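Content type PDB, N, CA and C atoms, from the file data_21.pdb:
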MODEL        1
ATOM      1  N   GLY S   1       3.430   3.604 -19.796  1.00  0.00           N
ATOM      2  CA  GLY S   1       2.042   3.195 -19.690  1.00  0.00           C
ATOM      3  C   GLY S   1       1.492   2.663 -20.999  1.00  0.00           C
ATOM      4  N   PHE S   2       1.959   1.485 -21.400  1.00  0.00           N
ATOM      5  CA  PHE S   2       1.511   0.868 -22.643  1.00  0.00           C
ATOM      6  C   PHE S   2       0.721  -0.407 -22.362  1.00  0.00           C
ATOM      7  N   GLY S   3      -0.203  -0.327 -21.410  1.00  0.00           N
ATOM      8  CA  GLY S   3      -1.012  -1.480 -21.061  1.00  0.00           C
ATOM      9  C   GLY S   3      -1.731  -1.305 -19.739  1.00  0.00           C
ATOM     10  N   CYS S   4      -2.958  -1.810 -19.663  1.00  0.00           N
ATOM     11  CA  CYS S   4      -3.756  -1.705 -18.447  1.00  0.00           C
ATOM     12  C   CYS S   4      -5.125  -2.351 -18.637  1.00  0.00           C
ATOM     13  N   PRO S   5      -5.901  -1.822 -19.595  1.00  0.00           N
ATOM     14  CA  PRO S   5      -7.241  -2.331 -19.898  1.00  0.00           C
ATOM     15  C   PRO S   5      -7.203  -3.708 -20.553  1.00  0.00           C
ATOM     16  N   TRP S   6      -6.316  -3.870 -21.527  1.00  0.00           N
ATOM     17  CA  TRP S   6      -6.179  -5.140 -22.232  1.00  0.00           C
ATOM     18  C   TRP S   6      -4.760  -5.681 -22.110  1.00  0.00           C
ATOM     19  N   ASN S   7      -3.785  -4.777 -22.097  1.00  0.00           N
ATOM     20  CA  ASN S   7      -2.384  -5.166 -21.983  1.00  0.00           C
ATOM     21  C   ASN S   7      -1.951  -5.223 -20.522  1.00  0.00           C
ATOM     22  N   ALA S   8      -2.270  -6.328 -19.857  1.00  0.00           N
ATOM     23  CA  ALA S   8      -1.913  -6.507 -18.456  1.00  0.00           C
ATOM     24  C   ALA S   8      -0.480  -7.011 -18.316  1.00  0.00           C
ATOM     25  N   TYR S   9      -0.010  -7.736 -19.325  1.00  0.00           N
ATOM     26  CA  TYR S   9       1.342  -8.278 -19.312  1.00  0.00           C
ATOM     27  C   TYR S   9       2.376  -7.162 -19.209  1.00  0.00           C
ATOM     28  N   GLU S  10       2.023  -5.988 -19.723  1.00  0.00           N
ATOM     29  CA  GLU S  10       2.920  -4.839 -19.689  1.00  0.00           C
ATOM     30  C   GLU S  10       3.075  -4.310 -18.265  1.00  0.00           C
ATOM     31  N   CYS S  11       1.963  -3.884 -17.675  1.00  0.00           N
ATOM     32  CA  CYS S  11       1.973  -3.355 -16.316  1.00  0.00           C
ATOM     33  C   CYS S  11       2.394  -4.429 -15.317  1.00  0.00           C
ATOM     34  N   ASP S  12       2.087  -5.681 -15.639  1.00  0.00           N
ATOM     35  CA  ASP S  12       2.433  -6.800 -14.771  1.00  0.00           C
ATOM     36  C   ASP S  12       3.934  -7.069 -14.803  1.00  0.00           C
ATOM     37  N   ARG S  13       4.439  -7.434 -15.977  1.00  0.00           N
ATOM     38  CA  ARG S  13       5.859  -7.722 -16.142  1.00  0.00           C
ATOM     39  C   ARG S  13       6.708  -6.522 -15.732  1.00  0.00           C
ATOM     40  N   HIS S  14       6.110  -5.336 -15.780  1.00  0.00           N
ATOM     41  CA  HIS S  14       6.811  -4.111 -15.414  1.00  0.00           C
ATOM     42  C   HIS S  14       7.331  -4.190 -13.982  1.00  0.00           C
ATOM     43  N   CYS S  15       6.499  -4.704 -13.082  1.00  0.00           N
ATOM     44  CA  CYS S  15       6.873  -4.834 -11.679  1.00  0.00           C
ATOM     45  C   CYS S  15       7.522  -6.190 -11.413  1.00  0.00           C
ATOM     46  N   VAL S  16       7.038  -7.217 -12.104  1.00  0.00           N
ATOM     47  CA  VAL S  16       7.570  -8.564 -11.945  1.00  0.00           C
ATOM     48  C   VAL S  16       9.087  -8.578 -12.094  1.00  0.00           C
ATOM     49  N   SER S  17       9.605  -7.655 -12.899  1.00  0.00           N
ATOM     50  CA  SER S  17      11.042  -7.562 -13.131  1.00  0.00           C
ATOM     51  C   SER S  17      11.748  -6.956 -11.922  1.00  0.00           C
ATOM     52  N   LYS S  18      11.087  -6.001 -11.275  1.00  0.00           N
ATOM     53  CA  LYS S  18      11.649  -5.340 -10.104  1.00  0.00           C
ATOM     54  C   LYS S  18      11.663  -6.280  -8.903  1.00  0.00           C
ATOM     55  N   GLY S  19      10.633  -7.114  -8.797  1.00  0.00           N
ATOM     56  CA  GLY S  19      10.547  -8.051  -7.693  1.00  0.00           C
ATOM     57  C   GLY S  19       9.124  -8.250  -7.210  1.00  0.00           C
ATOM     58  N   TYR S  20       8.352  -7.169  -7.187  1.00  0.00           N
ATOM     59  CA  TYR S  20       6.967  -7.229  -6.738  1.00  0.00           C
ATOM     60  C   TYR S  20       6.200  -8.318  -7.483  1.00  0.00           C
ATOM     61  N   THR S  21       5.067  -8.725  -6.919  1.00  0.00           N
ATOM     62  CA  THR S  21       4.239  -9.760  -7.527  1.00  0.00           C
ATOM     63  C   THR S  21       3.859  -9.391  -8.956  1.00  0.00           C
ATOM     64  N   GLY S  22       3.733  -8.092  -9.214  1.00  0.00           N
ATOM     65  CA  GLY S  22       3.375  -7.631 -10.543  1.00  0.00           C
ATOM     66  C   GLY S  22       2.466  -6.418 -10.510  1.00  0.00           C
ATOM     67  N   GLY S  23       2.552  -5.587 -11.544  1.00  0.00           N
ATOM     68  CA  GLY S  23       1.727  -4.395 -11.610  1.00  0.00           C
ATOM     69  C   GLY S  23       0.400  -4.646 -12.299  1.00  0.00           C
ATOM     70  N   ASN S  24      -0.692  -4.465 -11.562  1.00  0.00           N
ATOM     71  CA  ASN S  24      -2.027  -4.676 -12.109  1.00  0.00           C
ATOM     72  C   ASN S  24      -2.851  -3.395 -12.041  1.00  0.00           C
ATOM     73  N   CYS S  25      -3.767  -3.235 -12.990  1.00  0.00           N
ATOM     74  CA  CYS S  25      -4.622  -2.056 -13.040  1.00  0.00           C
ATOM     75  C   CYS S  25      -6.023  -2.377 -12.530  1.00  0.00           C
ATOM     76  N   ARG S  26      -6.677  -1.381 -11.940  1.00  0.00           N
ATOM     77  CA  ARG S  26      -8.022  -1.557 -11.409  1.00  0.00           C
ATOM     78  C   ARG S  26      -8.802  -0.247 -11.457  1.00  0.00           C
ATOM     79  N   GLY S  27     -10.061  -0.297 -11.033  1.00  0.00           N
ATOM     80  CA  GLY S  27     -10.893   0.892 -11.036  1.00  0.00           C
ATOM     81  C   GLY S  27     -10.850   1.633  -9.715  1.00  0.00           C
ATOM     82  N   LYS S  28      -9.671   1.687  -9.107  1.00  0.00           N
ATOM     83  CA  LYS S  28      -9.498   2.371  -7.830  1.00  0.00           C
ATOM     84  C   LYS S  28     -10.052   3.790  -7.893  1.00  0.00           C
ATOM     85  N   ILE S  29     -10.005   4.386  -9.080  1.00  0.00           N
ATOM     86  CA  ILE S  29     -10.505   5.741  -9.274  1.00  0.00           C
ATOM     87  C   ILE S  29     -10.946   5.964 -10.716  1.00  0.00           C
ATOM     88  N   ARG S  30     -10.165   5.441 -11.656  1.00  0.00           N
ATOM     89  CA  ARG S  30     -10.475   5.581 -13.073  1.00  0.00           C
ATOM     90  C   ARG S  30      -9.463   4.825 -13.929  1.00  0.00           C
ATOM     91  N   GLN S  31      -9.348   3.523 -13.689  1.00  0.00           N
ATOM     92  CA  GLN S  31      -8.415   2.688 -14.436  1.00  0.00           C
ATOM     93  C   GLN S  31      -6.975   3.126 -14.191  1.00  0.00           C
ATOM     94  N   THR S  32      -6.434   2.746 -13.037  1.00  0.00           N
ATOM     95  CA  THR S  32      -5.066   3.100 -12.681  1.00  0.00           C
ATOM     96  C   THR S  32      -4.243   1.857 -12.361  1.00  0.00           C
ATOM     97  N   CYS S  33      -2.944   1.929 -12.634  1.00  0.00           N
ATOM     98  CA  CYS S  33      -2.045   0.811 -12.374  1.00  0.00           C
ATOM     99  C   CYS S  33      -1.559   0.828 -10.928  1.00  0.00           C
ATOM    100  N   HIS S  34      -1.199  -0.347 -10.417  1.00  0.00           N
ATOM    101  CA  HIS S  34      -0.716  -0.468  -9.046  1.00  0.00           C
ATOM    102  C   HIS S  34       0.072  -1.760  -8.860  1.00  0.00           C
ATOM    103  N   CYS S  35       1.234  -1.653  -8.224  1.00  0.00           N
ATOM    104  CA  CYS S  35       2.085  -2.813  -7.982  1.00  0.00           C
ATOM    105  C   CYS S  35       1.900  -3.336  -6.561  1.00  0.00           C
ATOM    106  N   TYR S  36       1.729  -4.648  -6.438  1.00  0.00           N
ATOM    107  CA  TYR S  36       1.540  -5.274  -5.134  1.00  0.00           C
ATOM    108  C   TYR S  36       2.745  -6.132  -4.762  1.00  0.00           C
TER
ENDMDL
END

Output the file's structure as structure tokens, nothing else.
Amino acid sequence: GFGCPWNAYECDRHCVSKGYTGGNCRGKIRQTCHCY
């Protein structure tokens, strides 16, 4: 977890490598990451 609020490339590329569109963070509850 080295990115979310400002470092989106981290959470994004994190999933982008696996295959998913990419991991993005939102205020679903309190700034949490989620892969779509």

Residues matched by the PyMOL selection byres ((chain S and resi 23) around 6) as a PDB file with N, CA and C atoms, keeping the file's coordinate frame:
ATOM      1  N   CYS S  11       1.963  -3.884 -17.675  1.00  0.00           N
ATOM      2  CA  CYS S  11       1.973  -3.355 -16.316  1.00  0.00           C
ATOM      3  C   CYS S  11       2.394  -4.429 -15.317  1.00  0.00           C
ATOM      4  N   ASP S  12       2.087  -5.681 -15.639  1.00  0.00           N
ATOM      5  CA  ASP S  12       2.433  -6.800 -14.771  1.00  0.00           C
ATOM      6  C   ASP S  12       3.934  -7.069 -14.803  1.00  0.00           C
ATOM      7  N   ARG S  13       4.439  -7.434 -15.977  1.00  0.00           N
ATOM      8  CA  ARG S  13       5.859  -7.722 -16.142  1.00  0.00           C
ATOM      9  C   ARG S  13       6.708  -6.522 -15.732  1.00  0.00           C
ATOM     10  N   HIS S  14       6.110  -5.336 -15.780  1.00  0.00           N
ATOM     11  CA  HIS S  14       6.811  -4.111 -15.414  1.00  0.00           C
ATOM     12  C   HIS S  14       7.331  -4.190 -13.982  1.00  0.00           C
ATOM     13  N   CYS S  15       6.499  -4.704 -13.082  1.00  0.00           N
ATOM     14  CA  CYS S  15       6.873  -4.834 -11.679  1.00  0.00           C
ATOM     15  C   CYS S  15       7.522  -6.190 -11.413  1.00  0.00           C
ATOM     16  N   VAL S  16       7.038  -7.217 -12.104  1.00  0.00           N
ATOM     17  CA  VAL S  16       7.570  -8.564 -11.945  1.00  0.00           C
ATOM     18  C   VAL S  16       9.087  -8.578 -12.094  1.00  0.00           C
ATOM     19  N   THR S  21       5.067  -8.725  -6.919  1.00  0.00           N
ATOM     20  CA  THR S  21       4.239  -9.760  -7.527  1.00  0.00           C
ATOM     21  C   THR S  21       3.859  -9.391  -8.956  1.00  0.00           C
ATOM     22  N   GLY S  22       3.733  -8.092  -9.214  1.00  0.00           N
ATOM     23  CA  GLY S  22       3.375  -7.631 -10.543  1.00  0.00           C
ATOM     24  C   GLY S  22       2.466  -6.418 -10.510  1.00  0.00           C
ATOM     25  N   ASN S  24      -0.692  -4.465 -11.562  1.00  0.00           N
ATOM     26  CA  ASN S  24      -2.027  -4.676 -12.109  1.00  0.00           C
ATOM     27  C   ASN S  24      -2.851  -3.395 -12.041  1.00  0.00           C
ATOM     28  N   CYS S  25      -3.767  -3.235 -12.990  1.00  0.00           N
ATOM     29  CA  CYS S  25      -4.622  -2.056 -13.040  1.00  0.00           C
ATOM     30  C   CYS S  25      -6.023  -2.377 -12.530  1.00  0.00           C
ATOM     31  N   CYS S  33      -2.944   1.929 -12.634  1.00  0.00           N
ATOM     32  CA  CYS S  33      -2.045   0.811 -12.374  1.00  0.00           C
ATOM     33  C   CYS S  33      -1.559   0.828 -10.928  1.00  0.00           C
ATOM     34  N   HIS S  34      -1.199  -0.347 -10.417  1.00  0.00           N
ATOM     35  CA  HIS S  34      -0.716  -0.468  -9.046  1.00  0.00           C
ATOM     36  C   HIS S  34       0.072  -1.760  -8.860  1.00  0.00           C
ATOM     37  N   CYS S  35       1.234  -1.653  -8.224  1.00  0.00           N
ATOM     38  CA  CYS S  35       2.085  -2.813  -7.982  1.00  0.00           C
ATOM     39  C   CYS S  35       1.900  -3.336  -6.561  1.00  0.00           C
ATOM     40  N   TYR S  36       1.729  -4.648  -6.438  1.00  0.00           N
ATOM     41  CA  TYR S  36       1.540  -5.274  -5.134  1.00  0.00           C
ATOM     42  C   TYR S  36       2.745  -6.132  -4.762  1.00  0.00           C
TER      43      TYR S  36
END

Give, as JSON, the centre coordinates and the x, y and z edge lengths in Å to one decimal for an axis-aligned box around all listed atoms of segment 15-24 of chain S, padded by 4 Å on each side.
{"center_x": 4.4, "center_y": -6.6, "center_z": -9.9, "size_x": 22.6, "size_y": 14.4, "size_z": 14.4}

*Name the residues of chain S that come out as strand (DSSP E or B) in a backbone DSSP run; write them as a count of residues only.*
8

*Hey, can you check how far atom CA of residue 32 of chain S sits from atom CA of residue 2 of chain S?*
12.1 Å

Residues flagged alpha helix (DSSP H) by DSSP in chain S, as a PDB file with N, CA and C atoms, in the coordinates of the input:
ATOM      1  N   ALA S   8      -2.270  -6.328 -19.857  1.00  0.00           N
ATOM      2  CA  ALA S   8      -1.913  -6.507 -18.456  1.00  0.00           C
ATOM      3  C   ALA S   8      -0.480  -7.011 -18.316  1.00  0.00           C
ATOM      4  N   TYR S   9      -0.010  -7.736 -19.325  1.00  0.00           N
ATOM      5  CA  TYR S   9       1.342  -8.278 -19.312  1.00  0.00           C
ATOM      6  C   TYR S   9       2.376  -7.162 -19.209  1.00  0.00           C
ATOM      7  N   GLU S  10       2.023  -5.988 -19.723  1.00  0.00           N
ATOM      8  CA  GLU S  10       2.920  -4.839 -19.689  1.00  0.00           C
ATOM      9  C   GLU S  10       3.075  -4.310 -18.265  1.00  0.00           C
ATOM     10  N   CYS S  11       1.963  -3.884 -17.675  1.00  0.00           N
ATOM     11  CA  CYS S  11       1.973  -3.355 -16.316  1.00  0.00           C
ATOM     12  C   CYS S  11       2.394  -4.429 -15.317  1.00  0.00           C
ATOM     13  N   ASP S  12       2.087  -5.681 -15.639  1.00  0.00           N
ATOM     14  CA  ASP S  12       2.433  -6.800 -14.771  1.00  0.00           C
ATOM     15  C   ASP S  12       3.934  -7.069 -14.803  1.00  0.00           C
ATOM     16  N   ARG S  13       4.439  -7.434 -15.977  1.00  0.00           N
ATOM     17  CA  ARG S  13       5.859  -7.722 -16.142  1.00  0.00           C
ATOM     18  C   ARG S  13       6.708  -6.522 -15.732  1.00  0.00           C
ATOM     19  N   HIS S  14       6.110  -5.336 -15.780  1.00  0.00           N
ATOM     20  CA  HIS S  14       6.811  -4.111 -15.414  1.00  0.00           C
ATOM     21  C   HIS S  14       7.331  -4.190 -13.982  1.00  0.00           C
ATOM     22  N   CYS S  15       6.499  -4.704 -13.082  1.00  0.00           N
ATOM     23  CA  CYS S  15       6.873  -4.834 -11.679  1.00  0.00           C
ATOM     24  C   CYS S  15       7.522  -6.190 -11.413  1.00  0.00           C
ATOM     25  N   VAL S  16       7.038  -7.217 -12.104  1.00  0.00           N
ATOM     26  CA  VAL S  16       7.570  -8.564 -11.945  1.00  0.00           C
ATOM     27  C   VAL S  16       9.087  -8.578 -12.094  1.00  0.00           C
TER      28      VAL S  16
END

*Quick one, how far is atom CA of residue 28 of chain S from atom C of residue 9 of chain S?*
19.0 Å

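For the atom pair formed by atom C of residue 30 of chain S and atom N of residue 18 of chain S, the distance is 23.4 Å, given to one decimal.
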
Output segment 14-30 of chain S as a PDB file, keeping the file's coordinate frame, making sure N, CA, C and O atoms are there.
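rebuild39.pdb was written with the following content:
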ATOM      1  N   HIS S  14       6.110  -5.336 -15.780  1.00  0.00           N
ATOM      2  CA  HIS S  14       6.811  -4.111 -15.414  1.00  0.00           C
ATOM      3  C   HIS S  14       7.331  -4.190 -13.982  1.00  0.00           C
ATOM      4  O   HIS S  14       8.463  -3.795 -13.698  1.00  0.00           O
ATOM      5  N   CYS S  15       6.499  -4.704 -13.082  1.00  0.00           N
ATOM      6  CA  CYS S  15       6.873  -4.834 -11.679  1.00  0.00           C
ATOM      7  C   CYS S  15       7.522  -6.190 -11.413  1.00  0.00           C
ATOM      8  O   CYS S  15       8.438  -6.303 -10.600  1.00  0.00           O
ATOM      9  N   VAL S  16       7.038  -7.217 -12.104  1.00  0.00           N
ATOM     10  CA  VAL S  16       7.570  -8.564 -11.945  1.00  0.00           C
ATOM     11  C   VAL S  16       9.087  -8.578 -12.094  1.00  0.00           C
ATOM     12  O   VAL S  16       9.773  -9.405 -11.493  1.00  0.00           O
ATOM     13  N   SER S  17       9.605  -7.655 -12.899  1.00  0.00           N
ATOM     14  CA  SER S  17      11.042  -7.562 -13.131  1.00  0.00           C
ATOM     15  C   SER S  17      11.748  -6.956 -11.922  1.00  0.00           C
ATOM     16  O   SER S  17      12.867  -7.343 -11.583  1.00  0.00           O
ATOM     17  N   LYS S  18      11.087  -6.001 -11.275  1.00  0.00           N
ATOM     18  CA  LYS S  18      11.649  -5.340 -10.104  1.00  0.00           C
ATOM     19  C   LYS S  18      11.663  -6.280  -8.903  1.00  0.00           C
ATOM     20  O   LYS S  18      12.587  -6.251  -8.091  1.00  0.00           O
ATOM     21  N   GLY S  19      10.633  -7.114  -8.797  1.00  0.00           N
ATOM     22  CA  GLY S  19      10.547  -8.051  -7.693  1.00  0.00           C
ATOM     23  C   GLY S  19       9.124  -8.250  -7.210  1.00  0.00           C
ATOM     24  O   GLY S  19       8.729  -9.363  -6.862  1.00  0.00           O
ATOM     25  N   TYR S  20       8.352  -7.169  -7.187  1.00  0.00           N
ATOM     26  CA  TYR S  20       6.967  -7.229  -6.738  1.00  0.00           C
ATOM     27  C   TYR S  20       6.200  -8.318  -7.483  1.00  0.00           C
ATOM     28  O   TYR S  20       6.624  -8.780  -8.543  1.00  0.00           O
ATOM     29  N   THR S  21       5.067  -8.725  -6.919  1.00  0.00           N
ATOM     30  CA  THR S  21       4.239  -9.760  -7.527  1.00  0.00           C
ATOM     31  C   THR S  21       3.859  -9.391  -8.956  1.00  0.00           C
ATOM     32  O   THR S  21       3.684 -10.261  -9.808  1.00  0.00           O
ATOM     33  N   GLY S  22       3.733  -8.092  -9.214  1.00  0.00           N
ATOM     34  CA  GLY S  22       3.375  -7.631 -10.543  1.00  0.00           C
ATOM     35  C   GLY S  22       2.466  -6.418 -10.510  1.00  0.00           C
ATOM     36  O   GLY S  22       1.699  -6.234  -9.565  1.00  0.00           O
ATOM     37  N   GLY S  23       2.552  -5.587 -11.544  1.00  0.00           N
ATOM     38  CA  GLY S  23       1.727  -4.395 -11.610  1.00  0.00           C
ATOM     39  C   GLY S  23       0.400  -4.646 -12.299  1.00  0.00           C
ATOM     40  O   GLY S  23       0.362  -4.998 -13.476  1.00  0.00           O
ATOM     41  N   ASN S  24      -0.692  -4.465 -11.562  1.00  0.00           N
ATOM     42  CA  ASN S  24      -2.027  -4.676 -12.109  1.00  0.00           C
ATOM     43  C   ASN S  24      -2.851  -3.395 -12.041  1.00  0.00           C
ATOM     44  O   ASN S  24      -2.662  -2.568 -11.149  1.00  0.00           O
ATOM     45  N   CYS S  25      -3.767  -3.235 -12.990  1.00  0.00           N
ATOM     46  CA  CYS S  25      -4.622  -2.056 -13.040  1.00  0.00           C
ATOM     47  C   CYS S  25      -6.023  -2.377 -12.530  1.00  0.00           C
ATOM     48  O   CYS S  25      -6.502  -3.503 -12.669  1.00  0.00           O
ATOM     49  N   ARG S  26      -6.677  -1.381 -11.940  1.00  0.00           N
ATOM     50  CA  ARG S  26      -8.022  -1.557 -11.409  1.00  0.00           C
ATOM     51  C   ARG S  26      -8.802  -0.247 -11.457  1.00  0.00           C
ATOM     52  O   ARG S  26      -8.276   0.786 -11.870  1.00  0.00           O
ATOM     53  N   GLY S  27     -10.061  -0.297 -11.033  1.00  0.00           N
ATOM     54  CA  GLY S  27     -10.893   0.892 -11.036  1.00  0.00           C
ATOM     55  C   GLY S  27     -10.850   1.633  -9.715  1.00  0.00           C
ATOM     56  O   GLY S  27     -11.867   2.150  -9.250  1.00  0.00           O
ATOM     57  N   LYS S  28      -9.671   1.687  -9.107  1.00  0.00           N
ATOM     58  CA  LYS S  28      -9.498   2.371  -7.830  1.00  0.00           C
ATOM     59  C   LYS S  28     -10.052   3.790  -7.893  1.00  0.00           C
ATOM     60  O   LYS S  28     -10.513   4.331  -6.888  1.00  0.00           O
ATOM     61  N   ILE S  29     -10.005   4.386  -9.080  1.00  0.00           N
ATOM     62  CA  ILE S  29     -10.505   5.741  -9.274  1.00  0.00           C
ATOM     63  C   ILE S  29     -10.946   5.964 -10.716  1.00  0.00           C
ATOM     64  O   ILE S  29     -11.972   6.593 -10.972  1.00  0.00           O
ATOM     65  N   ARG S  30     -10.165   5.441 -11.656  1.00  0.00           N
ATOM     66  CA  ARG S  30     -10.475   5.581 -13.073  1.00  0.00           C
ATOM     67  C   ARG S  30      -9.463   4.825 -13.929  1.00  0.00           C
ATOM     68  O   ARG S  30      -8.803   5.410 -14.787  1.00  0.00           O
TER      69      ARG S  30
END
